[PDB]
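Quick heads-up: it's one chain on its own, the form deposited without ligand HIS, in structure tokens.
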């Protein structure tokens, strides 16, 4: 066994771990540690991640799960896959402790900043018995580098859109930490006190964002936003600063590249003497151990 801490407190994990289910988050953790073989179920959203796509050789061996936080597609299917470990994103605290009552261990997470993402990867690295230290150091190195390029640069007024064109992120939202590290002053902070929530369109027009990002799982395309008549007076629409976020799970090892991506779109002048592709290339090589042929489709 190992003792690790999560959302609920100290959990003891009996080693070694054989069968894991990933729910709601952390879908790229098995790519970074090469543990696809121990994974027996995962939220269906994961199949769309391009790093999952490139490192998971036999996708249909793995059962697709809900993806909805939480409650839907739960208890009996769990017992059917017989996992010794369930890694899950705490949507509902009571929906999760009720489940933990059934004989198998849960590592439960509710990460809200990229530093919390890194801590929670390290948690899971202890249970999977891998050394994450070099991979985490690369993550942090990437954040140091962004922060350095944006030192003294004025933050751009912006926002992200989610399931619909008036759903945005505010306080206690991983998406909001990622935008912040990409040099965005997210007006969502001013209207949403937890997570992601709607606001009236009138407010979006009043805040008049200079740039707008779109959650990689949203059904919206940039075109859907640019041609919305309700948005015609917004700087970001006039100037075509509407960007869809890459196919990268926010809760996991590529969260620093999402900030880099946002920093690049928002503050191009801060990165003009910078070899972006060298940085992206070394990130994928260190974090996921891809060789040169494998990295190319991940280059920007």
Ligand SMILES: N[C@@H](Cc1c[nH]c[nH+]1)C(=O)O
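Residue numbers count along the first chain shown, from 1.
Heads up, the form deposited with ligand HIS bound isn't pictured, but that's what we're talking about next.
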Hey, of 190-198, 72-80, 144-152, 123-131, which bit sits against ligand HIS in the deposited complex at 4.5 Å between non-hydrogen atoms? 190-198
Does every residue of 45, 67 and 172 put a non-hydrogen atom within 4.5 angstroms of ligand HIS in the deposited complex? yes
Heavy atom within 4.5 Å of ligand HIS in the deposited complex - residue from 270, 250, 62, 237: 250
Taking ligand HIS as it sits in the deposited complex, is residue 89 in contact with it (heavy atom to heavy atom, 4.5 Å or less)? yes
